[PDB]
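S.K.: curious how this folds, go ahead:
(2 chains, ligands or ions: 2)
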Amino acid sequence: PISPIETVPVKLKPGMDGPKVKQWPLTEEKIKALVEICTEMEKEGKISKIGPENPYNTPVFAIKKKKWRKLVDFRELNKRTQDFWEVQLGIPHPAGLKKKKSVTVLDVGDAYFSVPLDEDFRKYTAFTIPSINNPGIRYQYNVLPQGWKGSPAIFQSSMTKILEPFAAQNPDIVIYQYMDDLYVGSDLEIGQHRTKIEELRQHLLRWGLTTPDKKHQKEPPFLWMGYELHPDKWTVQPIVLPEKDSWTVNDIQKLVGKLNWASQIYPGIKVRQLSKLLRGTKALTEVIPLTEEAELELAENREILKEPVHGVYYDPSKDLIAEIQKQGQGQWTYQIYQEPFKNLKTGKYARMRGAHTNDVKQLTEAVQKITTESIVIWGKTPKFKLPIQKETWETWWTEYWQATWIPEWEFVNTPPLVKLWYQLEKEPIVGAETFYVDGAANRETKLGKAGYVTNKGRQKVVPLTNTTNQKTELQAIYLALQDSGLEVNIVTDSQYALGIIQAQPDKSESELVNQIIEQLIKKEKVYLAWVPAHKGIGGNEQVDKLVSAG
Amino acid sequence: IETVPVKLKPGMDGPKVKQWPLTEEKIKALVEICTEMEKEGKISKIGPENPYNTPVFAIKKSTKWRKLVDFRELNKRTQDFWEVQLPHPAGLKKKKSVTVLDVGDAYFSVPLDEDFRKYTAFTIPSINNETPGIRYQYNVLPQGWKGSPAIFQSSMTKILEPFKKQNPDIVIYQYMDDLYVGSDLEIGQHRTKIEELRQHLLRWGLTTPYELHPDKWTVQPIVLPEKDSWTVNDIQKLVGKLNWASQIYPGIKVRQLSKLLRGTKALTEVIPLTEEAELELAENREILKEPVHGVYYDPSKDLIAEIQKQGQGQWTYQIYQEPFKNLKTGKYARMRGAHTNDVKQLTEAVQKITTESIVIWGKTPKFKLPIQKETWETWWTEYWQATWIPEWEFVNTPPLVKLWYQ
Ligand SMILES: CN(C)C(=O)CCOc1ccccc1Oc1cccn2cc(C#N)cc12
Ligand SMILES: [Mg+2]
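M.R.: Numbers count the residues shown, from 1 in each chain, chains lettered A, B, ... in the order given. Ligands and ions are numbered 1, 2, ... in the order given. See below for the structure:
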């Protein structure tokens, strides 16, 4: 049917006129399908024959991808019409849905054709069925055309307004609206829940919106946007990881996609070594040979995907809880649940956001991602059970120069525990050898040397090939660590190298800094001090004259 | 009762900013607030043919919720036409006492130009995308749109002209929803003249719900440590800090001080300050008392604020337009109170600096904040009392700016 709803007024973009894309010539069998469809559609009021003075046109075609369907090419009109309040992009998340005793799924059939289109805008929808000779027939739309820029929003808003009466008289019946679907839930007796469905079905039929007849139709488990929804549990649809010898950029992309998708209910999914591959990427065609780390990751994912997992729905009376577990190379995993083994959902956090990081910083960032996620899904923030002790975190967030909001959390003792593997000293160390380090490299020949000069009288210079002033500045520190007792003072002129160490990293993209980290753990006390370069302080002046000079 | 035509800057479309997800608590408060605002006709529900959007937050400013609208983008896209549309007194920074009054409720009497109303559209988000938002637009002059004080100016001058004739030595500056009222009176007299004006405004239909003292502000000078026994490390720090300062005050000298370190020496070795090095350090303390030289304010250029966490509730800040040319510096302190946190203190500092900046120059600075972006966007509304919002971005504090500014 059609509708007595009010129409949304619609303008074209200021200074633009209607589309005039001529009709591609059509085979006479398709012109037969269009003429019959158009006369049926005309008979239902959805379209109208129009005079000759309408200047605008839009191409039309017929197909039946092995009944017939009419398809229209509004690409040109879409460019010329104004923008609309963007349709719902996000979708509800299964973990966010509140449990209900029964759920109906209604498909509004032919929904867009069931809604009127603004009158003054109708001239710009004109289309032509081709005559055999040239004189063709001219039709225009009176309902929302399928494929025009404004149909999804205007039908969405028309549907919201149509529901408003029925919803007010039924503060018991939950109606999610999503595209041209209605998902109806209630805690009524299945006898009367079917009554209220029947009411709603007709209320929409008065507004012109048809609904499934054969019972309420669509039956569980529900295949919905890559999910499986059961009456008591949800899970993702089954993932298939390809088995391949070579991989293109496009194949790895489709593979982190599926993997990312599975990580919301399959705890333990890892994707970082696989997306390290796409770091360069370039062309989706480029073949990217996999890595021993990428292979191990993909292997471990197939292992986890071998068993089936499910999540539960939301009860707003039960608490909201998250735990986070370490997974290794800066990869982390979390569950969010209300009942201790019934998980609402899971997820992963493996971002470095920089070349070097450390465990506490990464955990804090994981707690961030969970918080933003809980607000989007349940409108609240969870209680946190975390594998870290207050002393560990309190020390970290106090010495940390960046401001941070640590939630309330209880320690859960479940190793691997999050810890600071080392702390530099805040005061210089007494009776410890003072190493004055420096490095240099030639910005053209890229050759270099790192060296030190201590106060016990030791001096050393190690030669370096294919490096930069920044890399030698770290090798210099690395050299002083290698060559010192368990306690050492190091004095550097590098603001770069000071910055990287003082950050107290414990993992890194570069293997030099990974080497320096291993040194720093083995030491007992280390103090790192900075002096301005080329100011002849003493100590520094002699390493500059030794290494930087040559 | 008659509207004032409002234009966007030519060839410029309205805002399409994204609504931030809110907690169920904050949404329920926005819906209550917006239902009442709809009854009083200040806002109306809009259709899908309005594509514009401005974010909304719920803050507390009290135990009742307020609604704060982020017109930052709509202000870029129009208010500069209202910054030039048809003024800042430099004496307000000189007044001994300054009080801030919230007069933003006067705005809800003036109709808004019906052809501009689409640009004020905003959305109350739903949880988990169950619904699309509830969508409204403004009928009246909305708070936080810089065109609101611009249009109301004529009425507001009219209301204040009595009071200004009586008290001719009091400074009244308006910035957005606030009046800044400054006097040199005794504090008790000051609070009286504030009440006189408060009552004056309430008498003419201007519902009004902060005391500052710019005579105490300054540009904090650099302080060098004063020790009893110096180590090699203390002099290295002292020499490093004075080396930084010499990009700013030029007559600083370090020869005699670094002479004390000649040769390779252990860091813990105690060095005595020779008489020459003491004179150089004493002379260097004296040059740090005088201010910088060519640091002037350019009204056309942007003000930038940098902030450093210093430990134990201390936060330093600098306002400059060109690096090293510091217009103001200062340090903030929170009394902690075992209810404080890093984000409460950062949020409080941003507001102090912004108020201080508004008094001095009449515009908000663009902040470089030392915090992860995603952490700010979640928690900033929990201690935001101000009715305005400055521009901001996120940075990683360098390793030595902490101590040199300490
Ligand atoms: C089976 N299931 C989801 C429950 O039991 C939880 C209760 O969820 C609902 C509550 C009210 C209205 C509908 C509900 O279902 C849906 C909510 C959101 C999206 N949807 C897509 C489909 C399909 N196809 C069904 C739903
Ligand atoms: Mg050097």
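S.K.: which outside residues touch stretch B:16-35?
M.R.: For stretch B:16-35, the external contacting residues (Cβ atoms under 8 Å, 6 or more residues apart in numbering or on different chains) are A:372, A:375-376, A:378-381, B:43, B:51-58, B:65-67, B:70, B:72-73, B:122-127, B:133-134, B:136, B:377, B:381. Where you see a C-beta, it was placed from the backbone N, CA and C, and this is true even at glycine.
S.K.: try it again with 6 Å
M.R.: A:375-376, A:379-380, B:54-55, B:58, B:65, B:67, B:73, B:123-125, B:127 (Cβ atoms under 6 Å, 6 or more residues apart in numbering or on different chains).
S.K.: out of these, list just those in helices.
M.R.: A:375, A:376, B:73 (DSSP state H).
S.K.: of these, which is the nearest to ligand 2?
M.R.: Using Cβ to the ion, residue B:73 comes nearest to ligand 2 of the ones in helices among the contacts of stretch B:16-35, at 46.9 Å.
S.K.: so which bits of stretch A:75-84 are buried?
M.R.: For stretch A:75-84, burial by neighbour count (16 or more other Cβ atoms under 10 Å in any protein chain shown) applies to A:77, A:80, A:81, A:82, A:84.
S.K.: mind putting the residues you listed into CSV with distance to residue B:215 and secondary structure?
M.R.: Output for these, formatted as CSV (distance: Cβ to Cβ, whole Å; DSSP: H, G, I helix; E, B strand; the rest coil):
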residue, distance to residue B:215, secondary structure
A:77, 66, helix
A:80, 62, helix
A:81, 60, strand
A:82, 55, coil
A:84, 55, coil
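S.K.: can I get stretch A:170-181 in CSV? Just the C-alpha atoms.
M.R.: The C-alpha trace of stretch A:170-181 is given here as CSV (Å, rounded to 0.1, in the frame of the first residue of the first chain):
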residue,chain,number,x,y,z
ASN,A,170,2.5,-0.2,24.9
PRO,A,171,5.3,0.8,27.4
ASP,A,172,5.9,-3.0,27.7
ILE,A,173,7.0,-3.8,24.2
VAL,A,174,10.6,-3.1,23.0
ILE,A,175,10.9,-2.3,19.3
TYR,A,176,14.3,-2.0,17.7
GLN,A,177,14.2,-0.5,14.3
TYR,A,178,17.0,-1.3,11.8
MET,A,179,16.8,-0.8,8.0
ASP,A,180,13.4,-2.1,7.0
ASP,A,181,13.2,-4.5,9.9
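S.K.: name the residues of it that are buried.
M.R.: Using 16+ other Cβ under 10 Å as the test for burial, stretch A:170-181 gives A:170, A:173, A:174, A:175, A:176, A:177, A:179, A:180.
S.K.: run through the neighbouring helices and strands of whichever helix or strand the fourth one is part of.
M.R.: Secondary structure from DSSP states H and E places residue A:175 in strand A:174-178. Counting contacts by 3 or more Cβ pairs under 6 Å, 6 or more residues apart in numbering or on different chains; DSSP states H and E, strand A:174-178 packs against strand A:181-186.
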